[PDB]
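Encoded as structure tokens, the following chain is the form solved without the DNA, with no partner shown.
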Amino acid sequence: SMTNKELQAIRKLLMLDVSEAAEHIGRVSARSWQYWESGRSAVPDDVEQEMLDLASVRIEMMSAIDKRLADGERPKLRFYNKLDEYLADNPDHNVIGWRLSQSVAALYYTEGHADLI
């Protein structure tokens, strides 16, 4: 029962642009995605579940870094600012995985735990 504001919140947390979420998750125009965030139309079940699954991936990514911190390591995390460079290192990923990687790396940098390269 994700609301319009909850969709927007998770989309922003995952560092997706509207156009990226619209193209790949919604398979709709950016305008149609904006309508789900504005509440003009209900958030589709399939879109809700996909946002939740992507959040679960992000959690798995964080649990792994947490173990490195528990070991005393100060990780050097890749912050890719070029999609093509992310994809060259992750040939089976796409723009969604790129944004997830940014969200995770930014969290640990901002918390003071990791350095970005």
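All residue numbers are counted from 1 along the displayed sequence.
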**Item:** Of 75-83 and 54-62, the one with larger mean CA B-factor
**Value:** 54-62
**Fill in**
Avg C-alpha B-factor, entry values, 19-27 vs 102-110, higher side is 19-27
**Item:** Where the record places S1 (Cα B-factor, split into thirds across the chain)
**Value:** highest
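One more form of this protein, deposited with the DNA bound, exists but is not displayed; see below.
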**Item:** the DNA: the contacting residue among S41, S63, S56, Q49 in the deposited bound form [heavy atom, 4.5 Å]
**Value:** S41
**Asked** Do all of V18, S29 and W36 end up near the DNA in the deposited bound form, with near meaning a heavy atom within 4.5 Å?
**Response** yes
